[PDB]
Amino acid sequence: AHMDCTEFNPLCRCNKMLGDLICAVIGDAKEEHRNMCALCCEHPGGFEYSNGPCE
């Protein structure tokens with residue numbers, strides 16, 4: 001689901017891709033994302049991620 005997104009002032013101002021482990025899916029594109037913010041800032045229409053080691 002469309003969980004906590006960076007959609008605010010300090011947009012995906014987080015690169016350090018070496019920590020998080022979200023579970024994002026988009027119609028038919030399910031993959032994990034570290035920079036969950038980079039997703040929220042650079043997603044199509046609101047990537048569907050679910051924070052947690054599920055993917």
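When the header is checked for method, it gives solution NMR.
Backbone N, Cα and C atoms are what each Cβ position is placed from, and that goes for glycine too.
Lifted from Swiss-Prot, the feature list:
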DISULFID  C5-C40  disulfide bond
DISULFID  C12-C41  disulfide bond
DISULFID  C14-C37  disulfide bond
DISULFID  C23-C54  disulfide bond
DOMAIN    1-55  domain 'Kazal-like'
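For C41 (disulfide bond), the spatially nearest entry among the disulfide-bonded residues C5, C14, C23, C54 is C5, judged by CA separation. When the disulfide-bonded residues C12, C14, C40 are compared by Cα distance to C23 (disulfide bond), the shortest distance belongs to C40. When the disulfide-bonded residues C12, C14, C54 are compared by Cα distance to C40 (disulfide bond), the shortest distance belongs to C12. Taken residue by residue with DSSP, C40 (disulfide bond) is part of a helix. Here the C-alpha separation of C5 (disulfide bond) and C12 (disulfide bond) works out to 9 Å. There are 11 other Cβ atoms within 10 Å of the Cβ belonging to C54 (disulfide bond). Under DSSP, the residues of the domain 'Kazal-like' (1-55) split into helix, strand and coil as follows: 7 helix, 10 strand, 38 coil. Cα spacing between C54 (disulfide bond) and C37 (disulfide bond): 18 Å, rounded to the nearest whole number.
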